[PDB]
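Observations on the model geometry
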Amino acid sequence: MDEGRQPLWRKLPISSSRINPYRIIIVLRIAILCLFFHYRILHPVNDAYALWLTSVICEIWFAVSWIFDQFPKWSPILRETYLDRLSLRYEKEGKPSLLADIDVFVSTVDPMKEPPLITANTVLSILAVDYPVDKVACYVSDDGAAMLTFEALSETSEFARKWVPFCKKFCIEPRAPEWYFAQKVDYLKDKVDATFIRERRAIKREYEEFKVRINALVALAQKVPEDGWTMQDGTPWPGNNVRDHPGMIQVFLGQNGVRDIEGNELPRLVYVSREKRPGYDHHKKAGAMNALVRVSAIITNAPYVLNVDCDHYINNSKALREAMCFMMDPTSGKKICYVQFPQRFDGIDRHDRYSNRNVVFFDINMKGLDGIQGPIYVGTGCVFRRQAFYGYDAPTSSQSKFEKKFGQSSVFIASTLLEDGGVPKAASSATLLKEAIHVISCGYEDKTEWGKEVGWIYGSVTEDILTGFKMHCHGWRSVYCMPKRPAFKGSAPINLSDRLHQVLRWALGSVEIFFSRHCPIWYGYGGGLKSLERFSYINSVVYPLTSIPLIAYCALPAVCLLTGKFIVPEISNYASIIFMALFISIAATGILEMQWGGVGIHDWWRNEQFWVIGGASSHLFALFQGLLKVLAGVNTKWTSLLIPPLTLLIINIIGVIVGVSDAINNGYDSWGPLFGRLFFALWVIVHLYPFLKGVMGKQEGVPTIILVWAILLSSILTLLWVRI
Amino acid sequence: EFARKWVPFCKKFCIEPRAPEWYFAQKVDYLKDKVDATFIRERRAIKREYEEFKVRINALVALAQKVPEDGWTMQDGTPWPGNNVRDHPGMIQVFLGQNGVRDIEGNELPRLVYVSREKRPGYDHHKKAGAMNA
Amino acid sequence: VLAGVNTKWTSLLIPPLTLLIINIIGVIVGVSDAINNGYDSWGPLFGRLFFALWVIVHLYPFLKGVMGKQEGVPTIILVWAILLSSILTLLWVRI
């Protein structure tokens, strides 16, 4: 049929008019880089040989990093989806829906650190998605086993009864009440229903009362009672001890249950808390996700799993349909491991002082990855296929064995064999809660492959990268869905401390992956993994190692300003021409990067600032911790990470002052290369300006101990450099 | 008269600040740290009452802009003693406090006293210092 | 007047962008010629650049829109402007 032959989606290669010059000047800049290195190596500095050697090592490292970064971006593409064809094929009006089932996972660890209002908003947004109510289920994992989360979910389930029909009737976007009622956009735009105003006022008042109720619940649960927590029916709370409690599973909505305001049903909401016992490693988020996968397979057994963070809400209600446009395709859907959505955040400054938007990565590197094998699974907002998580190869590219791979639960083994999802027919519905409690036992993952070859992979802080790499080495492919309206939105870090800690955590995870047996350099040699994807994985693994060449280079001018030497033997016409050509090539290549990627100058400029800041601050301590773990067994706002950048900044300032005094006030005459000498320090201080702005400005603050340490280290370094 | 409604609301709901104009013009989320189940309805009612109070104050200001021909007169027919700014006897009035009138909760309110010191021609009143001493 | 022919309209921005990039190229070339190579008695270059600054000061919004956000032009008009600027520069250098 003509309708059946029309694809549900199609790829849009970057038009040749914008991709041919990109490749041309990539090759050209490679040529000038090689010529520049040939010039630099063969002409050293006689009286400053050590400085020349350090500098040439630094640019060699920089060029290697640039090559490894630029190579994956050879073939960027875009992807376009058609929801009307999906409706024609699977969601035809009148006929029953043929869409596949969906499970959406949310994970929370502490109601004190993560306010229950945000989790309630996320749950409300998920429950109001534009999907059949019987084909979508929501699972919430609570690692803290706190009754506050249970009561917040119980109240959110009662508010959903009123919120979901309103959104479905009036096409409200976004479905999260907090972000919808706080929007400055005209809410009467494109609204045609005659009863919009009264119902909107009523639902706003109801939401305000719900917020007050949630605040009261939070206030009441602030202090633990003497005899532990108790429920509303007199029974004590099983999760009184955070580190010692049995597994708990509760169902709030769905089949049977209770209907909503319009009389229809609502998506099933399940509260799951895995068993915790002393002396057992729970593996934190990876173990929680594995337990959620097992529970969802036991109860609902949807064939696709949505990973949503607690602070991320479904902004676009059509995200599930867009995911199914790829995942339900008869040909591509078999070979797809997951669908990845871009990460967007709200509440960010207009200038994005901390580069929280991160436009450069998600709009250049992700698109380049999508053109070879698929984006790397990062963060949240990912639609995984169950068959990929089970350690199976791509279809289109032995009971004892099953018990050795999945576990000792035969119901889960039976559920794993359902291609289209759903509860297996040869399974009693009455005995389903007991098996779901069994699969979250602390000792279930014994002598099995969970966390090693199937599910989320342990052994690293950033388990997402490891899971994506393990799926990709099997030969699976991934897509990078980029909807017109962003599918998911979250909350950006407020101050610099949280961003620095997050960058340090990412770098530590990358280092741990590098030192483990799952390194892309020497793992995955089966032929399934593509060469360019392997290079991208290596680049994402050994990126923090570029901290050492950075921290030396930023310290190069100040030493020059405190010793009297230059890295260039003598300024010549040939050398000046080579330097100018290299700078022009770099600037032009960046220009076409913006042109094809659609990124403004401000965003990429501040992204470069933040990249330099991160490499100088967090990656250095990441490498220090890695070396300490290699050579020993020691380990650690954290007032130590800011010591290197501030020390280097004031070293550069002192060196600038000393050089100006020495070569102008006293010497003068033929000052010489002092113009570029000061320009280099100006570049360094510009790249590290935000630290000085925070230290000297407002809305910040640094303890005196770290400042004293930095000043003492700077004075010691300056005295040693002057003496030697 | 507006105090008899404003004060119990603030004391019950721990409203900060207590000035209605600055409280109702705050961009901070007013639902933060509020646990009472009847906060929204009472806040809406008190906001409407404060708007009506502002309208009444505006009407009073507009009415008193122009002095009448025979001087000012009170609401009971007696003339205003302070017709002349530089020549009037001292006036003391008590509005709230002990006895008086209770609020919407049945409790009393802090005493409010209106004091106007005597002014006569040829006498130096010393302005704010004299007013404070009086 | 002379015929009977007649016509975002991506032609109106061709003259200003072409003239702006011509001024930028001329500034760069003059700085290279009269400072990097010649130096000595550069002469009235302080005025010669300054006048050009005036132009780039007055036509700054076009550059801000082209390089900034909340704007954008197709590749065809940029290619036409670059080609016209290169042709004009080559003709001026040759003559």
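Residues numbered from 1 in each chain as written, not as in the entry; some residues may be left out. Chains lettered and ligands numbered in written order. Part of a larger assembly, values for the part shown. Heavy atoms only, no water.

Method of determination, as annotated in the archive: cryo-EM, at 3.0 Å resolution.

Chain C goes by Cellulose synthase in the PDB entry, where it is assigned to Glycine max. Its official PDB title, as written in the record, is "Cryo EM structure of a soybean CesA6 homotrimer".

Going by the PDB entry, chain B carries the name Cellulose synthase and comes from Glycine max.

Quick look at the sheet that holds strand β5 (residues 248-251) of chain A now. Residue and element names in this part refer to chain A. The strand order across the open sheet formed by eight strands is β5-β6-β4-β3-β7-β11-β9-β12, and the pairing between neighbours is mixed. Bordering the open sheet on either side are β5 and β12 (477-480), each of which pairs with just one other strand. Along the sheet, successive strands turn relative to each other by an average axial angle of 20°, direction set aside. (Pairing = 2+ DSSP bridges. Helix = DSSP H or I, 4+ residues; strand = E, 2+ residues; numbered from the N terminus. Axes fitted to C-alpha atoms, helices over the stretch in contact; angles between N-to-C directions.)

Here we take up helix α3 (residues 39-63) of chain B. When the terminal C-alpha atoms of α3 of chain B are compared, their 36 Å separation across 25 residues agrees well with the 36 Å that a helix rising 1.5 Å per residue should span. Among all positions in α3 of chain B, only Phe39, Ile40, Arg43, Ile46 and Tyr50 of chain B are buried. Looking at the packing, one finds that the buried side of α3 of chain B touches α8 (196-220) of chain A together with α1 (3-13) and α2 (20-24) of chain B. (Expected span 1.5 Å × (residues − 1). Buried < 20%, exposed > 50% of the residue type's maximum accessible area, 1.4 Å probe, protein only. Contact = heavy atoms within 4.5 Å.)

It is worth spelling out a positive patch on the surface at this point. Positive charge collects at one region of the surface, where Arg198, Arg201 and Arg205 of chain A together with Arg48 of chain B lie side by side. When you line up the elements, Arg48 of chain B lands in helix α3. (Patch = residues over 30% accessible without salt bridge, like charges linked within 9 Å, V, L, I, M, F, W, Y side chains within 5 Å. Areas by Shrake-Rupley, 256 points an atom, 1.4 Å probe, with all protein chains shown as cover. Salt bridge = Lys/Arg side-chain N within 4 Å of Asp/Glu carboxyl O. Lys, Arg positive; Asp, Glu negative; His and termini not counted. Charge placed at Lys NZ, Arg CZ, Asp CG, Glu CD.)

All names here are of chain A. If you walk across this open sheet you meet the three strands as β8-β13-β10, and the pairing is mixed. Two strands lie at the open edges of the sheet, namely β8 (313-314) and β10 (344-346), each paired on one side alone. As judged from the three bridges shared by β10 and strand β13 (residues 488-491), these two strands associate in the parallel manner. Bridge assignment links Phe345 to a residue of β13, and that residue is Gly490.

As a further point, take the interface of chain A and chain B. Between chain A and chain B, the residue contacts involve eight residues of the former and 11 residues of the latter. Here chain A and chain B share an interface that buries about 810 Å² over both sides, 54% of which is from carbon and sulfur atoms. Broken down residue by residue, the surface that chain A buries against chain B is led by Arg205, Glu208 and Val212 of chain A, which jointly contribute 58%. One can count one salt bridge joining chain A with chain B. Of the charged contacts in the structure, one is a salt bridge between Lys211 of chain A and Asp29 of chain B, with a shortest N-O distance of 3.1 Å. If you look at where chain A meets chain B, you find two residue pairs in polar contact. (Buried area = accessible area lost by both parts, 1.4 Å probe. Polar contact = N/O pair within 3.5 Å; in protein donor to acceptor, adjacent residues only side chain to side chain.)

Turning our attention to the nonpolar core. In a soluble, globular protein the nonpolar side chains are often hidden away together inside. All names here are of chain A. Among the nonpolar cores identified, the biggest contains 73 residues, and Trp163, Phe166, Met324 and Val339 are the most heavily contacted of them. In terms of residue count, helix α6 (residues 147-170) provides more of this core than any other element does, 12 residues in total. Residues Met289, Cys382, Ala436 and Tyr444 belong to the second largest nonpolar core, which totals 39 residues. (Core = buried A, V, L, I, M, F, W, Y, C linked by side-chain atoms within 4.5 Å.)

Turning to the packing of aromatic side chains, a few remarks are in order. Counted according to the given criterion, the structure contains 63 aromatic pairs over all chains. Ring geometry for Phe166 of chain A against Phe196 of chain A: centres 6.5 Å apart, planes inclined by 5°, an arrangement best described as stacked. Remark: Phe196 of chain A occurs in helix α8 and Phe166 of chain A occurs in helix α6; sequence separation between them is 30 residues. On the numbers, 5.8 Å between centres and 55° between planes, the contact of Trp6 of chain B with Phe24 of chain B is tilted. In this pair, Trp6 of chain B is assigned in helix α1 and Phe24 of chain B in helix α2, connecting sequence segments 18 residues apart. Residue classification places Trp6 of chain B among the buried positions, given a relative accessible area of 7%. An aromatic cluster is built from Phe159, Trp163, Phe166, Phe170, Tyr180, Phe181, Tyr187, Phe196, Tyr207 and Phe210 of chain A, whose rings are joined through pairwise contacts. Just above the ring of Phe610 of chain A sits the side chain of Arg499 of chain A; from NZ or CZ to the centre is 4.0 Å. We note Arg534 of chain A situated over the ring of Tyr525 of chain A; from NZ or CZ to the ring centre the distance is 4.1 Å. (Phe/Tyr/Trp six-rings, centres within 6.5 Å; stacked < 30°, edge-to-face > 60°. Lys NZ or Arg CZ within 6 Å of the ring centre and 35° of its normal.)

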